[PDB]
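Participant: Input: one structure, supplied below.
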Amino acid sequence: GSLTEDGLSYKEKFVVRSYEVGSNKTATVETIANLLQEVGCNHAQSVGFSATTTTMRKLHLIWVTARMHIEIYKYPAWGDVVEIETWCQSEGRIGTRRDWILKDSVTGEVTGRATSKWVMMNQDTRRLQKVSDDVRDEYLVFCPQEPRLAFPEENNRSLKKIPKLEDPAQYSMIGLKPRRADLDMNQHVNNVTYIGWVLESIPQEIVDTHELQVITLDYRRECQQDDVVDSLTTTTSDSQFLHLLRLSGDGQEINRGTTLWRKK
Amino acid sequence: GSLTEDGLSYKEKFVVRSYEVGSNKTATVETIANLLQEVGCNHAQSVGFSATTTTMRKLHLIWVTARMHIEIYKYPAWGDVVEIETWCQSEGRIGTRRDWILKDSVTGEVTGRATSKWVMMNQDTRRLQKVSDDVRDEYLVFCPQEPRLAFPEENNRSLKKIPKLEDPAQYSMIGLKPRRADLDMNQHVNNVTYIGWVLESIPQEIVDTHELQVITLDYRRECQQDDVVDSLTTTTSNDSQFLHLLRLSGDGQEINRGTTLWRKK
Ligand SMILES: NC(=O)CCn1cnc2ccccc21
Ligand SMILES: NC(=O)CCn1cnc2ccccc21
């Protein structure tokens, strides 16, 4: 992969692997989400964040995901080459935004798009903080100055408020636990694992007859390595669903989300 | 990737990804196992397979793994390029063997090796069968004729008999269930998921202070999508060795047995 000519965005190509595909022989949404995070990590490395600055490190500050929104028009097939372009933008003191565009390498056609909201958090106390000028200035030289959005349309799905699913849930998958393969290099549960857990409570019939078109996921709290999760889903409708991930015992909310599925 | 000049083996390069590494910033054994299976699949495609012959498809026959043996000397770091060479060999009527060699692309040094035993099975009845001549002839033109082994040594670890772990287990991890990401394109649990399940019952202290050098895993029975698994481990041993058992949570039906050898960091 490489930064583009202006140095304000990053592109990378991926050949879809045999173990990365589902029953349709196309990439799963978890494979896509792993590639989005891989291209984000390579962008941070390419510009010297080897994604915290020296100022953030001295104050024990990290960027954490608050929201992830992905829209797929066509999933790449096993053996296909997909090209992903990524860039970041400041959202004032609220935090930052990372956007992505996915294209079929052979046709140049946009096959997907994603956006994510990141907030600054103290790694030890877990307390959220607003973005200061000293930090903003250090990142702004790596972002386009004019707005550049993967989801520019007015009243789009990436900025919609998500309600809390009320008991009883129509569907559920309980006792979900992370294994070592679900943890990142810092021993925290990978963000993509939560997408998988959300999808576990969708009935197999919907998965067999529909394709996932849109997923919006809010991250409220992290799941620890020794935590147990319950995945809850209710049909709200194309089929639309409301989702809730919560700790198995006390019922503490870890995530909330929505999915939209198209008939095959 | 590509077949080599003689067309009897296949090579491929991989750049290690950020989500593929563990706490030491190096590839996990599950990432290595996924790459071994990816290079095996690309080898089958490059020579016209999909990895059944037309004769096997007529009889509803498939190749299934009976044993997997992996030895890692050095795990590749995040951002490193690893080169993997793979080839197959017939083992008469018992089945076939797929071997692999892993190298650091920059130094050319062998950083790992693996071997696996495959048997022919009817897809529907799940009954094993010996390799017939008609089938053997169809894949022998894709294999080296002189023996070529990743583990040539006389008393190597890849051919050792594995005993059944006796209750009580020293360690255990109970209630393990596969999710959709653990299934392959045919909705069967991926072979690599069983390696992860075996490793789940190793204490975190061993993982934090040791590196996995060798893993030998026997595949006895398949875990269904709605099955629940119990992972059991007992220390058998500067090096720590363990005996492993995966069994169904209810009836205690054996799905896998294995051994691991770990060295101090
Ligand atoms: N959302 C993020 O990836 C936060 C870190 N970050 C903010 N602006 C950036 C520009 C380039 C690389 C990482 C950047
Ligand atoms: N061990 C296997 O991968 C079984 C299938 N198979 C047998 N001989 C082969 C030669 C090349 C590719 C796949 C082959």
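To be explicit about the labels: the chains of the structure tokens are called A, B, and onward in the order shown, and within each one the residues are counted from 1, while ligands get numbers from 1 in the order they are shown.
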Residues within 10 Å of ligand 2 (only C-alpha atoms and all ligand atoms), as a compact mmCIF listing (two decimals) with N, CA and C atoms, in the first residue's frame?

Facilitator:
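Final output, saved to pocket07.txt:
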# COMPACT_ATOMS: atom_id res chain seq x y z
N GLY B 7 6.90 -27.49 -11.68
CA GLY B 7 5.46 -27.63 -11.55
C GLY B 7 5.03 -28.62 -10.47
N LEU B 8 5.98 -29.09 -9.63
CA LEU B 8 5.70 -30.08 -8.59
C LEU B 8 5.53 -29.51 -7.17
N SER B 9 5.57 -28.17 -7.01
CA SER B 9 5.35 -27.51 -5.73
C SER B 9 4.86 -26.07 -5.96
N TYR B 10 4.38 -25.40 -4.91
CA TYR B 10 3.81 -24.06 -5.05
C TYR B 10 4.37 -23.12 -3.98
N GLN B 37 -3.19 -23.27 5.04
CA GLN B 37 -4.38 -23.73 4.33
C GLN B 37 -4.63 -22.87 3.08
N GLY B 40 -2.22 -24.03 0.41
CA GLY B 40 -2.67 -25.34 -0.05
C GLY B 40 -3.82 -25.20 -1.05
N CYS B 41 -4.74 -24.30 -0.77
CA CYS B 41 -5.88 -24.07 -1.63
C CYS B 41 -5.45 -23.47 -2.98
N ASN B 42 -4.50 -22.54 -2.96
CA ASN B 42 -3.97 -21.90 -4.19
C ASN B 42 -3.17 -22.91 -5.05
N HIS B 43 -2.51 -23.88 -4.42
CA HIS B 43 -1.78 -24.94 -5.11
C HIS B 43 -2.81 -25.81 -5.88
N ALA B 44 -3.91 -26.24 -5.21
CA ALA B 44 -4.98 -27.04 -5.81
C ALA B 44 -5.63 -26.31 -7.01
N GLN B 45 -5.90 -25.01 -6.88
CA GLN B 45 -6.49 -24.23 -7.96
C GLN B 45 -5.53 -24.12 -9.16
N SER B 46 -4.24 -23.91 -8.89
CA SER B 46 -3.24 -23.74 -9.94
C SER B 46 -3.06 -24.96 -10.83
N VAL B 47 -3.46 -26.15 -10.36
CA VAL B 47 -3.31 -27.37 -11.15
C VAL B 47 -4.65 -27.98 -11.59
N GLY B 48 -5.71 -27.18 -11.62
CA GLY B 48 -7.01 -27.63 -12.09
C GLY B 48 -7.99 -28.24 -11.11
N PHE B 49 -7.61 -28.40 -9.83
CA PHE B 49 -8.52 -28.97 -8.82
C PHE B 49 -9.50 -27.92 -8.25
N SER B 50 -10.41 -28.34 -7.34
CA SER B 50 -11.36 -27.48 -6.63
C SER B 50 -11.96 -28.20 -5.42
N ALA B 51 -10.08 -30.39 -2.68
CA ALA B 51 -9.25 -30.55 -3.88
C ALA B 51 -9.56 -31.91 -4.53
N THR B 52 -10.78 -32.04 -5.04
CA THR B 52 -11.26 -33.28 -5.61
C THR B 52 -11.12 -33.39 -7.13
N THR B 53 -10.77 -34.59 -7.60
CA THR B 53 -10.73 -34.89 -9.03
C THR B 53 -12.18 -35.14 -9.51
N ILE B 62 -14.28 -36.91 -0.62
CA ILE B 62 -13.51 -35.71 -0.25
C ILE B 62 -12.26 -36.09 0.55
N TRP B 63 -11.28 -35.18 0.58
CA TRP B 63 -10.08 -35.33 1.38
C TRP B 63 -10.35 -34.61 2.69
N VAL B 64 -10.07 -35.27 3.81
CA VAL B 64 -10.24 -34.69 5.13
C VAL B 64 -8.93 -34.85 5.90
N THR B 65 -8.60 -33.90 6.78
CA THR B 65 -7.38 -33.99 7.58
C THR B 65 -7.55 -35.00 8.72
N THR B 86 4.72 -25.28 -0.60
CA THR B 86 3.94 -26.47 -0.28
C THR B 86 3.96 -27.50 -1.42
N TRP B 87 3.84 -28.76 -1.09
CA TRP B 87 3.78 -29.84 -2.05
C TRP B 87 3.00 -31.02 -1.44
N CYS B 88 2.55 -31.93 -2.31
CA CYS B 88 1.84 -33.11 -1.88
C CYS B 88 2.57 -34.37 -2.28
N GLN B 89 2.30 -35.46 -1.56
CA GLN B 89 2.85 -36.76 -1.86
C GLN B 89 1.87 -37.85 -1.50
N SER B 90 1.84 -38.89 -2.31
CA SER B 90 0.98 -40.02 -2.08
C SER B 90 1.60 -40.91 -1.00
N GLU B 91 0.78 -41.46 -0.12
CA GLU B 91 1.24 -42.41 0.88
C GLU B 91 0.56 -43.75 0.61
N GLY B 95 -3.58 -42.72 2.13
CA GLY B 95 -4.04 -41.38 1.81
C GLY B 95 -2.93 -40.54 1.21
N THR B 96 -2.99 -39.24 1.43
CA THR B 96 -1.99 -38.30 0.94
C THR B 96 -1.38 -37.47 2.09
N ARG B 97 -0.30 -36.78 1.80
CA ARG B 97 0.38 -35.95 2.75
C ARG B 97 0.63 -34.58 2.10
N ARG B 98 0.37 -33.49 2.83
CA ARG B 98 0.72 -32.17 2.32
C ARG B 98 1.79 -31.64 3.27
N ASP B 99 2.91 -31.15 2.73
CA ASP B 99 4.00 -30.60 3.53
C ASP B 99 4.22 -29.11 3.22
N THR B 115 3.57 -30.57 8.42
CA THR B 115 3.16 -31.75 7.67
C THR B 115 1.75 -32.12 8.09
N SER B 116 0.98 -32.68 7.17
CA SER B 116 -0.40 -33.06 7.45
C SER B 116 -0.79 -34.34 6.71
N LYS B 117 -1.59 -35.20 7.35
CA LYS B 117 -2.07 -36.45 6.75
C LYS B 117 -3.55 -36.29 6.37
N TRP B 118 -3.90 -36.64 5.14
CA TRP B 118 -5.26 -36.54 4.62
C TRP B 118 -5.76 -37.91 4.20
N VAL B 119 -7.04 -38.20 4.48
CA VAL B 119 -7.67 -39.47 4.12
C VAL B 119 -8.92 -39.21 3.26
N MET B 120 -9.30 -40.20 2.46
CA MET B 120 -10.45 -40.09 1.59
C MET B 120 -11.69 -40.49 2.38
N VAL B 135 -7.89 -42.99 -8.74
CA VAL B 135 -7.75 -41.70 -8.07
C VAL B 135 -6.27 -41.35 -7.90
N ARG B 136 -5.47 -42.31 -7.42
CA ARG B 136 -4.03 -42.15 -7.22
C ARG B 136 -3.31 -41.64 -8.48
N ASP B 137 -3.66 -42.19 -9.65
CA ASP B 137 -3.08 -41.83 -10.95
C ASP B 137 -3.38 -40.40 -11.34
N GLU B 138 -4.57 -39.92 -10.99
CA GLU B 138 -5.00 -38.56 -11.30
C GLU B 138 -4.25 -37.48 -10.55
N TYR B 139 -3.67 -37.77 -9.35
CA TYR B 139 -2.94 -36.73 -8.62
C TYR B 139 -1.41 -36.95 -8.59
N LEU B 140 -0.93 -38.15 -8.98
CA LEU B 140 0.51 -38.46 -9.01
C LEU B 140 1.31 -37.62 -10.01
N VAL B 141 0.67 -37.15 -11.09
CA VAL B 141 1.35 -36.26 -12.05
C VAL B 141 1.59 -34.83 -11.46
N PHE B 142 1.05 -34.54 -10.26
CA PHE B 142 1.21 -33.26 -9.57
C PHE B 142 2.13 -33.37 -8.32
N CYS B 143 2.72 -34.54 -8.07
CA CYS B 143 3.54 -34.80 -6.90
C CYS B 143 4.96 -35.15 -7.31
N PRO B 144 5.97 -34.77 -6.49
CA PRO B 144 7.33 -35.26 -6.76
C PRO B 144 7.35 -36.79 -6.63

Participant: What do you get as a VMD selection string if you pick all residues at most 6 Å from ligand 1, counting only C-alpha atoms and all ligand atoms?

Facilitator: chain A and resid 43 to 44 51 63 88 96 to 98 118 139 142 to 143

Participant: Take the selection from the previous step and output its residues with N, CA, C and O atoms, as a PDB file, in the first residue's frame.

Facilitator:
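Output below, filename part33.pdb:
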ATOM      1  N   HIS A  43      -1.971   3.292   7.235  1.00  0.00           N
ATOM      2  CA  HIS A  43      -2.022   4.728   7.009  1.00  0.00           C
ATOM      3  C   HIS A  43      -1.292   5.435   8.190  1.00  0.00           C
ATOM      4  O   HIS A  43      -0.436   6.275   7.946  1.00  0.00           O
ATOM      5  N   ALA A  44      -1.615   5.068   9.457  1.00  0.00           N
ATOM      6  CA  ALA A  44      -0.986   5.618  10.671  1.00  0.00           C
ATOM      7  C   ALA A  44       0.549   5.376  10.661  1.00  0.00           C
ATOM      8  O   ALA A  44       1.334   6.295  10.963  1.00  0.00           O
ATOM      9  N   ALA A  51      -3.054   4.904  17.233  1.00  0.00           N
ATOM     10  CA  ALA A  51      -2.361   5.888  16.401  1.00  0.00           C
ATOM     11  C   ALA A  51      -2.174   7.193  17.193  1.00  0.00           C
ATOM     12  O   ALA A  51      -2.757   8.224  16.873  1.00  0.00           O
ATOM     13  N   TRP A  63      -7.061   6.783  21.078  1.00  0.00           N
ATOM     14  CA  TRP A  63      -8.250   6.941  20.268  1.00  0.00           C
ATOM     15  C   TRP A  63      -9.032   5.640  20.375  1.00  0.00           C
ATOM     16  O   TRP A  63      -8.463   4.563  20.253  1.00  0.00           O
ATOM     17  N   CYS A  88      -8.519  10.508   7.129  1.00  0.00           N
ATOM     18  CA  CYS A  88      -9.039  10.991   8.391  1.00  0.00           C
ATOM     19  C   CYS A  88      -9.417  12.451   8.310  1.00  0.00           C
ATOM     20  O   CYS A  88      -8.890  13.180   7.492  1.00  0.00           O
ATOM     21  N   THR A  96     -12.381  12.589  16.068  1.00  0.00           N
ATOM     22  CA  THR A  96     -11.938  12.418  14.709  1.00  0.00           C
ATOM     23  C   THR A  96     -12.815  11.401  13.956  1.00  0.00           C
ATOM     24  O   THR A  96     -13.608  10.662  14.550  1.00  0.00           O
ATOM     25  N   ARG A  97     -12.692  11.390  12.649  1.00  0.00           N
ATOM     26  CA  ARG A  97     -13.466  10.498  11.807  1.00  0.00           C
ATOM     27  C   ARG A  97     -12.528   9.817  10.821  1.00  0.00           C
ATOM     28  O   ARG A  97     -11.638  10.468  10.271  1.00  0.00           O
ATOM     29  N   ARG A  98     -12.667   8.494  10.641  1.00  0.00           N
ATOM     30  CA  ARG A  98     -11.886   7.807   9.616  1.00  0.00           C
ATOM     31  C   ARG A  98     -12.915   7.304   8.599  1.00  0.00           C
ATOM     32  O   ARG A  98     -13.912   6.693   9.005  1.00  0.00           O
ATOM     33  N   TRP A 118     -14.213   8.370  16.212  1.00  0.00           N
ATOM     34  CA  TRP A 118     -13.239   8.055  17.242  1.00  0.00           C
ATOM     35  C   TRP A 118     -13.183   9.185  18.269  1.00  0.00           C
ATOM     36  O   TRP A 118     -13.274  10.359  17.915  1.00  0.00           O
ATOM     37  N   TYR A 139      -2.226  16.402  14.125  1.00  0.00           N
ATOM     38  CA  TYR A 139      -2.913  15.492  13.197  1.00  0.00           C
ATOM     39  C   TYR A 139      -3.409  16.161  11.923  1.00  0.00           C
ATOM     40  O   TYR A 139      -3.583  15.497  10.902  1.00  0.00           O
ATOM     41  N   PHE A 142      -2.042  15.890   8.347  1.00  0.00           N
ATOM     42  CA  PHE A 142      -2.242  14.592   7.704  1.00  0.00           C
ATOM     43  C   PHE A 142      -3.697  14.399   7.184  1.00  0.00           C
ATOM     44  O   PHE A 142      -4.020  13.343   6.661  1.00  0.00           O
ATOM     45  N   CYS A 143      -4.546  15.425   7.287  1.00  0.00           N
ATOM     46  CA  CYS A 143      -5.945  15.369   6.900  1.00  0.00           C
ATOM     47  C   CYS A 143      -6.244  16.346   5.791  1.00  0.00           C
ATOM     48  O   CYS A 143      -5.760  17.472   5.840  1.00  0.00           O
TER      49      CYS A 143
END

Participant: Select all residues from chain A having any atom no more than 10 Å from an atom of chain B (counting only C-alpha atoms, ignoring ligands), output as number ranges by chain.

Facilitator: A: 17-31, 34-35, 37-42, 78-79, 175-188, 190, 192-193, 196-197, 199-200, 204

Participant: Write the residues of the selection above to a file with N, CA and C atoms, as a CSV table (one decimal), in the first residue's frame.

Facilitator:
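Below you can see selection36.csv, which holds the result:
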chain,number,residue,atom,x,y,z
A,17,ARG,N,-8.9,-14.1,0.4
A,17,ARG,CA,-8.5,-15.5,0.8
A,17,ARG,C,-9.6,-16.5,0.9
A,18,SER,N,-9.3,-17.8,0.7
A,18,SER,CA,-10.2,-18.9,0.9
A,18,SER,C,-10.9,-19.0,2.2
A,19,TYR,N,-10.2,-18.7,3.3
A,19,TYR,CA,-10.8,-18.8,4.6
A,19,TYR,C,-11.6,-17.5,5.0
A,20,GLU,N,-11.5,-16.5,4.2
A,20,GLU,CA,-12.1,-15.2,4.4
A,20,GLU,C,-13.6,-15.1,3.9
A,21,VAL,N,-14.0,-16.1,3.1
A,21,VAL,CA,-15.3,-16.1,2.5
A,21,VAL,C,-16.4,-17.0,3.2
A,22,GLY,N,-17.6,-16.6,3.0
A,22,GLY,CA,-18.8,-17.3,3.6
A,22,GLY,C,-19.4,-18.3,2.6
A,23,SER,N,-20.6,-18.8,2.8
A,23,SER,CA,-21.3,-19.8,2.0
A,23,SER,C,-21.6,-19.3,0.5
A,24,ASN,N,-21.6,-18.0,0.3
A,24,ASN,CA,-21.8,-17.5,-1.0
A,24,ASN,C,-20.4,-17.4,-1.8
A,25,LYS,N,-19.3,-17.8,-1.3
A,25,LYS,CA,-17.9,-17.7,-1.8
A,25,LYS,C,-17.5,-16.2,-2.0
A,26,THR,N,-18.1,-15.3,-1.2
A,26,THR,CA,-17.7,-13.9,-1.1
A,26,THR,C,-17.3,-13.5,0.3
A,27,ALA,N,-16.5,-12.4,0.4
A,27,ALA,CA,-16.0,-12.0,1.7
A,27,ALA,C,-17.1,-11.7,2.7
A,28,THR,N,-16.9,-12.2,4.0
A,28,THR,CA,-17.8,-11.9,5.0
A,28,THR,C,-17.7,-10.4,5.4
A,29,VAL,N,-18.7,-9.8,6.1
A,29,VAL,CA,-18.6,-8.5,6.6
A,29,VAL,C,-17.4,-8.3,7.7
A,30,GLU,N,-17.1,-9.4,8.4
A,30,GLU,CA,-16.0,-9.4,9.3
A,30,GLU,C,-14.7,-9.4,8.6
A,31,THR,N,-14.5,-10.0,7.4
A,31,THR,CA,-13.3,-9.9,6.7
A,31,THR,C,-13.2,-8.5,6.2
A,34,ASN,N,-12.0,-6.3,9.1
A,34,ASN,CA,-10.6,-6.5,9.4
A,34,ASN,C,-9.7,-5.8,8.3
A,35,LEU,N,-10.1,-5.8,7.0
A,35,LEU,CA,-9.3,-5.1,6.0
A,35,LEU,C,-9.4,-3.5,6.2
A,37,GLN,N,-9.6,-2.0,9.1
A,37,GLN,CA,-8.7,-1.7,10.2
A,37,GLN,C,-7.3,-1.9,9.8
A,38,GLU,N,-6.9,-2.9,9.0
A,38,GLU,CA,-5.6,-3.1,8.5
A,38,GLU,C,-5.1,-1.9,7.6
A,39,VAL,N,-6.0,-1.4,6.8
A,39,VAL,CA,-5.6,-0.2,5.9
A,39,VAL,C,-5.5,1.1,6.8
A,40,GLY,N,-6.3,1.2,7.9
A,40,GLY,CA,-6.2,2.3,8.8
A,40,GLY,C,-4.9,2.3,9.6
A,41,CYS,N,-4.4,1.1,10.0
A,41,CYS,CA,-3.2,0.9,10.7
A,41,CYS,C,-2.0,1.2,9.8
A,42,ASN,N,-2.0,0.8,8.5
A,42,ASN,CA,-0.9,1.1,7.6
A,42,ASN,C,-0.8,2.6,7.2
A,78,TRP,N,-13.9,-14.7,-3.7
A,78,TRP,CA,-12.7,-15.4,-3.4
A,78,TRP,C,-11.7,-15.3,-4.6
A,79,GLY,N,-10.6,-14.8,-4.4
A,79,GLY,CA,-9.6,-14.6,-5.5
A,79,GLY,C,-9.6,-13.2,-6.1
A,175,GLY,N,-24.2,-16.5,26.1
A,175,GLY,CA,-23.0,-17.2,26.5
A,175,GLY,C,-21.8,-17.0,25.6
A,176,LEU,N,-21.8,-15.9,24.7
A,176,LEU,CA,-20.7,-15.7,23.8
A,176,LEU,C,-19.4,-15.2,24.6
A,177,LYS,N,-18.3,-15.9,24.4
A,177,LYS,CA,-17.0,-15.6,25.1
A,177,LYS,C,-15.9,-15.4,24.1
A,178,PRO,N,-15.0,-14.4,24.3
A,178,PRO,CA,-13.9,-14.3,23.4
A,178,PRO,C,-12.8,-15.3,23.6
A,179,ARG,N,-12.1,-15.8,22.6
A,179,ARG,CA,-11.0,-16.7,22.7
A,179,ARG,C,-9.7,-15.8,22.4
A,180,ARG,N,-8.5,-16.4,22.5
A,180,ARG,CA,-7.3,-15.6,22.2
A,180,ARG,C,-7.2,-15.1,20.8
A,181,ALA,N,-7.8,-15.8,19.8
A,181,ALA,CA,-7.8,-15.2,18.5
A,181,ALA,C,-8.7,-14.0,18.3
A,182,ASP,N,-9.6,-13.7,19.3
A,182,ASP,CA,-10.4,-12.5,19.3
A,182,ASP,C,-9.7,-11.3,19.9
A,183,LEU,N,-8.5,-11.4,20.4
A,183,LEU,CA,-7.8,-10.3,21.1
A,183,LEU,C,-6.7,-9.7,20.2
A,184,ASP,N,-6.5,-8.4,20.3
A,184,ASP,CA,-5.5,-7.7,19.5
A,184,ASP,C,-4.1,-7.9,20.2
A,185,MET,N,-3.0,-7.2,19.7
A,185,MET,CA,-1.7,-7.2,20.2
A,185,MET,C,-1.6,-6.6,21.7
A,186,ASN,N,-2.6,-5.8,22.1
A,186,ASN,CA,-2.7,-5.2,23.4
A,186,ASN,C,-3.6,-6.0,24.4
A,187,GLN,N,-4.0,-7.2,24.0
A,187,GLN,CA,-4.9,-8.1,24.7
A,187,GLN,C,-6.3,-7.6,25.0
A,188,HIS,N,-6.7,-6.6,24.2
A,188,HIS,CA,-8.1,-6.1,24.2
A,188,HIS,C,-8.9,-6.8,23.1
A,190,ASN,N,-10.8,-7.4,19.9
A,190,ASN,CA,-10.8,-6.7,18.6
A,190,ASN,C,-12.2,-6.2,18.3
A,192,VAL,N,-13.8,-5.9,15.6
A,192,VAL,CA,-14.5,-6.8,14.6
A,192,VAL,C,-15.3,-7.9,15.3
A,193,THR,N,-14.8,-8.5,16.4
A,193,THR,CA,-15.4,-9.5,17.2
A,193,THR,C,-16.8,-9.1,17.6
A,196,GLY,N,-19.2,-9.6,14.7
A,196,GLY,CA,-19.6,-11.1,14.7
A,196,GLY,C,-20.6,-11.4,15.7
A,197,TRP,N,-20.4,-10.9,17.0
A,197,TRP,CA,-21.4,-11.2,18.1
A,197,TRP,C,-22.7,-10.7,17.8
A,199,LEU,N,-24.1,-10.2,14.8
A,199,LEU,CA,-24.7,-11.1,13.7
A,199,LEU,C,-25.0,-12.5,14.1
A,200,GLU,N,-24.5,-13.0,15.3
A,200,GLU,CA,-24.8,-14.3,15.8
A,200,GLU,C,-26.3,-14.5,16.1
A,204,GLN,N,-30.5,-18.0,10.9
A,204,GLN,CA,-29.8,-18.6,9.8
A,204,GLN,C,-30.6,-18.4,8.5

Participant: If you run DSSP on the backbone here, which positions in segment 58-246 of chain A get strand (DSSP E or B)? Please write them as a VMD selection string.

Facilitator: chain A and resid 61 to 72 77 81 to 90 96 to 104 110 to 122 128 to 129 171 to 176 183 189 210 to 219 229 to 235 239 to 246

Participant: What does the file look like for those residues with C-alpha atoms, as an mmCIF file, in the first residue's frame?

Facilitator:
data_model
loop_
_atom_site.group_PDB
_atom_site.id
_atom_site.type_symbol
_atom_site.label_atom_id
_atom_site.label_comp_id
_atom_site.auth_asym_id
_atom_site.auth_seq_id
_atom_site.Cartn_x
_atom_site.Cartn_y
_atom_site.Cartn_z
ATOM 1 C CA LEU A 61 -4.369 9.188 25.869
ATOM 2 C CA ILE A 62 -5.706 6.826 23.117
ATOM 3 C CA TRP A 63 -8.250 6.941 20.268
ATOM 4 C CA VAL A 64 -11.196 4.568 20.752
ATOM 5 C CA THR A 65 -14.089 3.828 18.339
ATOM 6 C CA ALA A 66 -17.492 5.238 19.368
ATOM 7 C CA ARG A 67 -19.375 4.343 16.151
ATOM 8 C CA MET A 68 -18.776 2.209 12.982
ATOM 9 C CA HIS A 69 -21.014 2.398 9.857
ATOM 10 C CA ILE A 70 -20.479 0.115 6.817
ATOM 11 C CA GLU A 71 -22.447 -0.101 3.516
ATOM 12 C CA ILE A 72 -21.637 -2.904 1.011
ATOM 13 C CA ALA A 77 -15.417 -12.944 -4.476
ATOM 14 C CA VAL A 81 -8.611 -7.953 -5.782
ATOM 15 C CA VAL A 82 -10.262 -5.162 -3.748
ATOM 16 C CA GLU A 83 -8.704 -1.652 -3.444
ATOM 17 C CA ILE A 84 -9.378 0.377 -0.273
ATOM 18 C CA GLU A 85 -8.756 4.119 0.109
ATOM 19 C CA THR A 86 -8.772 5.637 3.637
ATOM 20 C CA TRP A 87 -8.455 9.145 5.121
ATOM 21 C CA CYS A 88 -9.039 10.991 8.391
ATOM 22 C CA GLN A 89 -10.720 14.258 9.298
ATOM 23 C CA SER A 90 -10.982 16.302 12.453
ATOM 24 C CA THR A 96 -11.938 12.418 14.709
ATOM 25 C CA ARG A 97 -13.466 10.498 11.807
ATOM 26 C CA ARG A 98 -11.886 7.807 9.616
ATOM 27 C CA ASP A 99 -13.583 7.136 6.229
ATOM 28 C CA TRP A 100 -13.065 4.391 3.627
ATOM 29 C CA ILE A 101 -14.009 3.663 -0.006
ATOM 30 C CA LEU A 102 -13.839 0.106 -1.360
ATOM 31 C CA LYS A 103 -13.469 -0.544 -5.094
ATOM 32 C CA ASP A 104 -13.259 -3.552 -7.402
ATOM 33 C CA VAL A 110 -17.292 1.621 -5.828
ATOM 34 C CA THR A 111 -18.434 -1.646 -4.138
ATOM 35 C CA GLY A 112 -18.602 -0.332 -0.557
ATOM 36 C CA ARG A 113 -18.067 2.580 1.833
ATOM 37 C CA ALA A 114 -17.540 3.040 5.578
ATOM 38 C CA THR A 115 -17.248 5.753 8.204
ATOM 39 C CA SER A 116 -16.212 5.642 11.867
ATOM 40 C CA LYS A 117 -16.200 8.085 14.828
ATOM 41 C CA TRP A 118 -13.239 8.055 17.242
ATOM 42 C CA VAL A 119 -12.962 9.798 20.643
ATOM 43 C CA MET A 120 -9.977 10.526 22.901
ATOM 44 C CA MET A 121 -9.879 8.471 26.122
ATOM 45 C CA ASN A 122 -7.412 8.128 29.034
ATOM 46 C CA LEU A 128 -13.463 10.552 27.689
ATOM 47 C CA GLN A 129 -11.854 13.896 26.870
ATOM 48 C CA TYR A 171 -33.975 -13.625 18.813
ATOM 49 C CA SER A 172 -30.918 -14.233 21.016
ATOM 50 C CA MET A 173 -27.565 -15.982 21.183
ATOM 51 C CA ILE A 174 -26.254 -16.256 24.783
ATOM 52 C CA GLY A 175 -22.981 -17.186 26.499
ATOM 53 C CA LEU A 176 -20.671 -15.669 23.824
ATOM 54 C CA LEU A 183 -7.802 -10.334 21.101
ATOM 55 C CA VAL A 189 -11.070 -7.680 22.337
ATOM 56 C CA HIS A 210 -30.508 -12.238 2.277
ATOM 57 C CA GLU A 211 -27.290 -10.261 1.966
ATOM 58 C CA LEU A 212 -26.166 -7.731 4.591
ATOM 59 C CA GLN A 213 -26.309 -4.268 2.981
ATOM 60 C CA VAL A 214 -25.764 -1.868 5.992
ATOM 61 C CA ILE A 215 -24.551 -2.183 9.594
ATOM 62 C CA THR A 216 -24.340 0.708 12.102
ATOM 63 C CA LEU A 217 -22.745 -0.165 15.440
ATOM 64 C CA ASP A 218 -22.348 1.998 18.611
ATOM 65 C CA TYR A 219 -19.560 1.010 21.072
ATOM 66 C CA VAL A 229 -21.942 -11.637 26.297
ATOM 67 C CA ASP A 230 -25.591 -12.036 25.268
ATOM 68 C CA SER A 231 -26.535 -11.006 21.683
ATOM 69 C CA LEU A 232 -30.129 -9.786 21.168
ATOM 70 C CA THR A 233 -32.054 -8.989 17.944
ATOM 71 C CA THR A 234 -35.593 -7.831 17.062
ATOM 72 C CA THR A 235 -36.990 -7.362 13.533
ATOM 73 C CA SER A 239 -35.384 -6.641 6.433
ATOM 74 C CA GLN A 240 -34.155 -4.317 9.200
ATOM 75 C CA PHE A 241 -33.168 -5.363 12.728
ATOM 76 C CA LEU A 242 -32.356 -3.632 16.031
ATOM 77 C CA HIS A 243 -29.446 -5.149 18.006
ATOM 78 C CA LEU A 244 -28.147 -5.155 21.582
ATOM 79 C CA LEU A 245 -24.979 -6.747 23.110
ATOM 80 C CA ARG A 246 -24.938 -6.843 26.916
#

Participant: Neighbours of residue 110 of chain B within 10 Å (only C-alpha atoms; same-chain residues fewer than 2 positions away dropped), as a compact mmCIF listing (two decimals) with C-alpha atoms, in the first residue's frame?

Facilitator:
# COMPACT_ATOMS: atom_id res chain seq x y z
CA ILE B 72 7.85 -22.91 14.44
CA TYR B 73 11.43 -21.68 15.13
CA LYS B 74 10.64 -17.98 14.70
CA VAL B 82 6.99 -14.77 4.96
CA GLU B 83 7.40 -17.17 1.98
CA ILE B 84 5.66 -20.56 2.10
CA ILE B 101 8.27 -24.97 4.54
CA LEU B 102 8.12 -21.41 5.88
CA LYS B 103 10.96 -18.96 5.26
CA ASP B 104 11.80 -15.36 6.15
CA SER B 105 11.72 -13.65 2.70
CA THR B 107 17.10 -13.81 4.94
CA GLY B 108 16.01 -17.04 3.16
CA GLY B 112 8.98 -23.14 10.32
CA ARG B 113 7.78 -26.46 8.87
